[PDB]
Structures are given as structure tokens and as C-alpha cells.
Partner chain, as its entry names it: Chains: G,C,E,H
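The chain that follows stands alone, in the form solved without the partner chain, written as C-alpha cells.
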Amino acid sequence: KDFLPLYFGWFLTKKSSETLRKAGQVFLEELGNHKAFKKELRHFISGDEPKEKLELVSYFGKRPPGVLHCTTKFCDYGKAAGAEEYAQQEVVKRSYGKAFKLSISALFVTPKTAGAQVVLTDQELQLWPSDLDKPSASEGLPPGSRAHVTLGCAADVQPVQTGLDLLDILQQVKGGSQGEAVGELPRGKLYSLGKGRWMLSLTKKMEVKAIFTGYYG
């Protein structure tokens, strides 16, 4: 019998990866230099500390090397629950190797991860794994809300954290707790959601090109 991928997803082209990666780093630069962020650094550095500034690019030291991606289904070669069902779908097999455009609507930062929120079209939503055997997965939010691109992680943080972070952030925006924007960056508005959580809503959605395929490690 045949190995499944470690995970399925959309893998950005060289150019799109470069473009999104640069946007993420610029965001980390501006955020770290933003007065509202520094006023709340108690959520990134603990204890009575010298009043210095944190370089977020350095903070998120575990970064994706090379090509960026948006995961759909983690399969672990077929060991993960629902892995085979997902892989056997017609739409997954039909879409394998095909090009897509992913709309990135926001960039976010928590004390654990940094990433970009992806807003899937309905065609692309067809490639999002069914939560019907684990509605814990998407936590009351529309399907595919977890869709993201990871831009960086803190040293002690597991890779899957980014998706959980995004859902947490979106969960607040659902209850209307993003509050009044606390800053206006060149690319959009900065929101302070508390607990070291920050969201930049892009004025203009970023459009990235990516191939849907499988990663085998």
C-alpha cells in the first residue's frame, strides 16, 4: 500500500513566497517599533526588565525555510485520523498539482507565532478537510477559518500553534472584541486584541500563487 504525504496543502511559488515573506518581516519591523506594542511588551518579556526594545524578527527565530505553504490536511503518511478519507476524495485527487490563488487578508502576531490569515474561496474550501468527526477543530467558526501561512514561531513553540493562534484571534473578532484600532500602518490597521495578540487587517488583500500538492518530509 502507498504512503500518503506528511500533509497536503498549497505551496506558494518562489515569487509569492518571497513577496509574502517580505511583507511578514516588514510587519514585524513596524510592529516592534510601534508605540502601542512597546507599551504592552509585558506579554513578550517577563519580569522587571531593562526598558529595551524587542526585535520580533529575532523573537520568531524558527522560520519556514524557503517555500511557504498553507496546510489543508495533516496526514502523517496516513497515520492521522481522517487522512485516508481526505486523500481519497475526488476533489483532492483532481486538484493535485493544480495552481490556485490564495487571498491573504491579515497578518498576525502572538507571543507564540506569527503568520498570515488566508481566506479560501469556495472552490478552495472544497479542499479543506471535513470537521464532521471533530467539530472541536474549527471551534464554532466557519470551515477553513484556520487556513493560514506560518511566518515564524518562538523557540519553544510547536508548528501547529499558528493555526490555533489564528482561530483564537478570529474567535475574538467574532464576539466583537478586536476593539477600536490602535494604529494605522502603511498596509492596513493595527488591532490590539490583548494577551500579546496583534492583528493587521490589510487594506488590500494580498494575492499569492500556489500549487496544491503533497509534502513528504
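Positions refer to the first chain, counted from 1. Residues that one form lacks are left out of the comparison. Under this definition, the rigid core comprises the largest set of C-alpha atoms superposing within 1.5 Å between the forms.
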Check: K39 without coordinates in a third or more of other entries = no
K174 unmodelled in at least a third of other compared entries | no
Higher-B stretch (mean Cα B-factor, as the entry records it), 91-99 or 127-135 = 127-135
Would you mind comparing 142-150 and 68-76 for me and telling me which has the higher average C-alpha temperature factor in the entry?
-> 142-150
Most elevated Cα B-factor in the entry, residues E30, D165, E180, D156 = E180
By its CA B factor, does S46 count among the lowest, middle or highest third of the modelled residues in the chain?
-> highest
Taking the values exactly as deposited, rank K209 by C-alpha B-factor within its chain and report the matching third: lowest, middle or highest.
-> middle
Would you check the entry's CA temperature factor for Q171 and let me know if it's in the chain's lowest, middle or highest third?
-> highest
Grab the CA temperature factor for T13 from the record and place it in the lowest, middle or highest third of its chain.
-> lowest
For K22, the third of its chain by CA B-factor is the middle
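As for the form deposited with the partner chain bound, it is not shown, yet the points below apply to it.
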Candidate spot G97, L151 and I211, all three in 4.5 Å heavy atom range of the partner chain in the deposited bound form?
-> yes
Any chance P65 has a heavy atom within 4.5 Å of the partner chain in the deposited bound form?
-> yes
Can you check whether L28 is within 4.5 Å of the partner chain in the deposited bound form, heavy atom basis?
-> yes
The partner chain contact at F60 in the deposited bound form, heavy atom, 4.5 Å = yes
Does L20 reach the partner chain in the deposited bound form, with heavy atoms at most 4.5 Å apart?
-> no
Position with Cα shift of 2 Å or more, rigid core superposed between the shown form and the other one, options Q89, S138, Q126, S105 | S138
Rigid core superposed: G32 CA moves 2 Å or more between the shown form and the other one = no
Determine whether the C-alpha of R63 shifts by 2 Å or more between the shown form and the other one once the rigid core is superposed.
-> yes
Your call: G144 and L132 CA atoms, closer or farther in the deposited bound form versus the shown structure, by 3 Å or more?
-> closer
How does the C-alpha distance between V149 and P64 change in the deposited bound form compared with the present structure, closer or farther, given a change of 3 angstroms or more?
-> farther
Give me the stretches of at least three consecutive residues whose Cα atoms move by 2 Å or more between the shown form and the other one once the core is superposed.
-> 1-3, 43-45, 63-67, 131-140
